[PDB]
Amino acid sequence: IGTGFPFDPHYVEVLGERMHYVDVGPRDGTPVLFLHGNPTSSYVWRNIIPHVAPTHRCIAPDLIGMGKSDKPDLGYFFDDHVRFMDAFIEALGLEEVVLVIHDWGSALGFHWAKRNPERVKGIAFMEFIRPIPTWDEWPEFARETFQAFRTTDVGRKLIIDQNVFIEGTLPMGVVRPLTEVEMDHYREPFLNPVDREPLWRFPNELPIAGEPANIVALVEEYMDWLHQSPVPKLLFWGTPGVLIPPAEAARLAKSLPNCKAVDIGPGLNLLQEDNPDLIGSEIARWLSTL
């Protein structure tokens, strides 16, 4: 599994800030937009994109405050990411797109798709954000820590002061051990504690047990849309999984229209790090059917 990131940096000015993005593949045709989550960057797509770039434009931005993008003085609420991602898509002149999305990137992608369905030609997704109505429906192995993350005292001490979301949560979202080189890539945007606000606000935005109500409502809305939409859907899932355990993938396979579910084998949250070969190859095959 490759550890390098051989993509030329590109920057675009968005709402007075610079946003870094990967942009490879042809110039014409429908682009494929890859959206990462927490605490990753476009680095998480590094071994997926090379399967698609031979025949389709691949665009992979770093969310504001993450990766190589600028780090303004913000709270880094989901609403902040929505505003910047909306402007990013406009700044690039994108019309129709195919989405490939993960974790908070899937919240952004599904929310954009719900608001602009005529422009979405397909969605490939994995380990995505859905409403978690109670803590009992959150995976047991992650309950105590995410409950502590969602406080302003201990949660900030863990995530901001001790960088626990990078040194702990990230590696336990991958089945295989991440190498020192790979960890250093993920650590790079957050070496300074003063830059770690996105890592704490994101888990505090997760729609769990009715809080925050605004996020619960928006996620419920895009899940209702997805259940009614004829858009082609490609769902990757693994075992044991984290956000999408095998039982939930099964429920989704049955209920979502026009959906193919693909079992990647062993996987937790960062499925791209455990089976990039299958994920990239399957996306490349699926795009020809859209």
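Start at 1 and count along the sequence shown; that's the residue number.
For the two regions 102 to 110 and 173 to 181, the entry's Cα B-factors average higher over 173 to 181. The mean C-alpha temperature factor is higher for 227 to 235 when 227 to 235 and 56 to 64 are set side by side. Among 127, 205, 161, 90, the highest C-alpha B-factor in the deposited entry belongs to 90.
If you compare the C-alpha temperature factors of 44, 256, 262, 49 in the entry, 256 comes out highest.
Per-chain ranking of the deposited C-alpha B factor places residue 74 in the highest third. Among all modelled residues in its chain, residue 276 ranks in the middle third by Cα B-factor. Sort the modelled residues of the chain by CA B factor and residue 13 lands in the highest third. Compared with the other modelled residues of the chain, the Cα B-factor recorded for residue 85 ranks in the lowest third. In the PDB entry, a CA B factor belonging to the middle third of its chain's modelled residues is recorded for residue 215.
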